[PDB]
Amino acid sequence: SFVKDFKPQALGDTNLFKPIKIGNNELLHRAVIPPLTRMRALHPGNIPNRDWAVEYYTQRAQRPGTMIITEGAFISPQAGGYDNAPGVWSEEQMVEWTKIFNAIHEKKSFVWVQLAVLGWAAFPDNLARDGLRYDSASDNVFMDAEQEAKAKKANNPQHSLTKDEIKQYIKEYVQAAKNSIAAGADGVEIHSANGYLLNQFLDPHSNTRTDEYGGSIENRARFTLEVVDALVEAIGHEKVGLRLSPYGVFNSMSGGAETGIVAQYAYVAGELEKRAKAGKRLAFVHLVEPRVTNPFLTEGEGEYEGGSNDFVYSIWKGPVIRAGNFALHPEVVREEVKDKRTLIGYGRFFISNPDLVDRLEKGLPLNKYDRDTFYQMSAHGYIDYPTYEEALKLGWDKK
């Protein structure tokens, strides 16, 4: 069915429908698919779904010139810990990714691989089964009681990374980025948001380190910036973006309750702009809005009203993708895209509307999403959401 109470607005008369170049890619509009984990990858080996993933991405690439950021993809076994999320370290994975990237390109769209590392959000028992550590910035603060208890039961207590282990992750980011580009991706997004490993280093709640990787703004940002620099060196700044969620609380991040949080993220933005002014400007910065501090709460819930991401624009002068509860709020998008370097990521409603871009241009009803199939080993709720035309044929204009 269509979302019942929604009053759509046609956005074709806004900058959402003006072309923009991101990295090497000439986008034809500014509605971006943000990274969306869907848990269709198969075990063993974290293999992108051999039956459905091509079709899923093909559907969502249908509007020419769309920027797609993939679901988070683990850079190595040690970076993972969910059996049904894909990786980008093995030949068998890249065989499937190549098919996905080809299909998106055949639709005249673009694809950026999000490089993911879980840290304390991983399942310690899966990691123990596979002979892997349970990693984070620190060893004396935990995501929650259940995770801490699972780690102890698995004889896999949370481990504070050594400097050498940080260097090994960086080597894996580099190789994962190389693999992604070689398989045909247009670029990569470094996931430093949503309370995963890099964010665990950025945040003073999760990072109690007293070495050069914690204990100050510069030190907490060090790992993220080392990954940035390593990937810029390996594959070029034009093929690299960075995702941040300054006000996020998901995965036990601090959000606005931490009075130093804006300074922490302003420092990162400044360091990116410094690199840009020195000739190495990242393709984009992707921000999760305080509109959505936890993406598993219904739209309108978990909204933080005490802060804005606008500060980033005073600092970083390149493209900015903003995501969080924009599908239901065309009135907000209309204002945000008056800024000529702003793109809008649409997450949950791209799950349910493969033709979302047409719907945004034309002010059409939106298909309701089914949260129960966000993570599910099924084609259902993955590749069977209808286009607007198909929904009309199903009678949804009368459901």
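In this text, residue numbers run from 1 along the sequence as written.
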Task: Greater mean Cα temperature factor according to the PDB record, 386-394 or 15-23 - done: 386-394
- [ ] Please work out which of 137-145 and 197-205 has the higher mean CA B-factor as recorded in the PDB entry.
- [x] 137-145
- [ ] Select one of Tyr265, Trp316, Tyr169, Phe123: the residue whose C-alpha shows the highest B-factor in the crystal structure entry.
- [x] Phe123
TODO: Please pick out which of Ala183, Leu282, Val88, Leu287 has the largest Cα B-factor as recorded in the entry.
DONE: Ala183
Task: Within-chain third of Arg30 by Cα B-factor, per the entry - done: lowest
Open item on the list: Please place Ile344 in the lowest, middle or highest third of its chain according to the CA B-factor in the PDB entry.
Closed with: lowest
- [ ] Taking the chain's C-alpha temperature factors as the reference, tell me which third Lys163 falls into: lowest, middle or highest.
- [x] highest
TODO: Please rank the C-alpha B-factors of the chain's modelled residues and tell me whether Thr293 sits in the lowest, middle or highest third.
DONE: lowest
Task: Within-chain third of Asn102 by Cα B-factor, per the entry - done: highest
